[PDB]
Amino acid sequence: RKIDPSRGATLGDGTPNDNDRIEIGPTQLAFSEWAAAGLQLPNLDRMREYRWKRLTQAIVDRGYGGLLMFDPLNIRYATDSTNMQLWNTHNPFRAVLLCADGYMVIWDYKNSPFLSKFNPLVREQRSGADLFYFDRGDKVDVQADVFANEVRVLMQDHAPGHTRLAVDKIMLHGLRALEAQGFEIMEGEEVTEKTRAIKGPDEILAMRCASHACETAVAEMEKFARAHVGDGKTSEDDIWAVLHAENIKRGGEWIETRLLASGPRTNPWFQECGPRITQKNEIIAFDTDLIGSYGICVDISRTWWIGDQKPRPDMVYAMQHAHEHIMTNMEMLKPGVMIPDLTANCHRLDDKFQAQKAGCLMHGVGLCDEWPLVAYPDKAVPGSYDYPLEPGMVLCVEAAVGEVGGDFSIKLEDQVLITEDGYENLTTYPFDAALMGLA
């Protein structure tokens, strides 16, 4: 029973054309819009092989025996398998071990070993890596030793002679149990972040699709906002709810922040989306921070003016300054540029906007916000990110622009791929004409 009657045994991404399959993914709505937009689809099998090969090599390059992952985003990277991702983020029930020979094992939720079976690179599905008080109460320690012994045996068989085990993050009972087994615990995030920083061809294709779906969802939200803002009942939450639904309808997964705000709640930036009733002749600013189709993060920001009056002149200047900030900074991007040189040479925001500027001028992005973080000169730490940009990295380029004690802020941000030659702005979403000083 096909989900897409117009295709053969597989969908355009190589997955089975089967309405009843376990595996989820983009909806027919999403696939339809991508085809209309002329987008080439990723091949998921080749994508999954690329990530696994790259992560395996990262382990080998460091002389480690294995990498043990409890962060659901790292688990997603290694296996492309989801399972209650958001519950998993703060309940560590799940683990993946990847050994130096490429052998990969998942410890999954006891009731659902079938969820990663679609990926043959996952060689075993086990259970019992859930080492936290809710799940095991006063008997965490017993299972921690069972689990740590399993990891020892796997490492003995698939990484013999290696005692170095990289771990991204683990509960203290698990840490103690692994150390008891003889492991020297290495920093797993140094491995995962640097590995994930370079996207293969299929990941870039997935991201193009995710970017399109997100921009479409945002367009629905803009449509809702311009039609309903100022009707005396429409709140920030009402507007933001459109983005939630439109993302989910296209096979997206969640939203990381609550960064949509209206009017004076845009300054200081990082106030959260809430019940505030929106008003005519006001700024609405937001940051998608969105985990979208194929599980790819799309992290873009736009600021809107909605009203019958024109925006104030200080608003227009702020918007122009913000847009100038990200376009100038984006021009720095090409392979071989050292991250601290991005910091040293970035566009300078006016004195009045310096106190409230964003936490970085750029950061990586893939399955969520990722390494590197490109700090502004006054916050940058020498020796923290001494590495060059490379083709296949993706960076979001940020501008947060507002005065201390001001009654609005501008937030703009684009998602940019590093190419062989330089860069490609993936983001095609319009900038507000009125705020840009146009008409």
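Quick note: we count residues from 1 along the sequence shown, nothing fancier.
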Task: Greater mean Cα temperature factor according to the PDB record, 215-223 or 106-114 - done: 215-223
- [ ] Higher average CA B factor in the deposited record is what I'm after, so tell me if that's 385-393 or 405-413.
- [x] 405-413
Task: Out of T278, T89, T82, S301, residue topping the C-alpha B-factor column of the entry - done: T278
- [ ] Name the residue from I185, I284, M155, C273 with the greatest C-alpha temperature factor listed in the entry.
- [x] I284
Task: For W52, the third of its chain into which the C-alpha B factor falls - done: lowest
TODO: Grab the CA temperature factor for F31 from the record and place it in the lowest, middle or highest third of its chain.
DONE: middle
- [ ] Please place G63 in the lowest, middle or highest third of its chain by C-alpha B factor as given in the entry.
- [x] middle
Task: Third of the chain, ranked by Cα B-factor, where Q354 sits - done: highest
- [ ] Would you please rank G128 by its C-alpha temperature factor against the other modelled residues of its chain and give the third it falls in: lowest, middle or highest?
- [x] middle
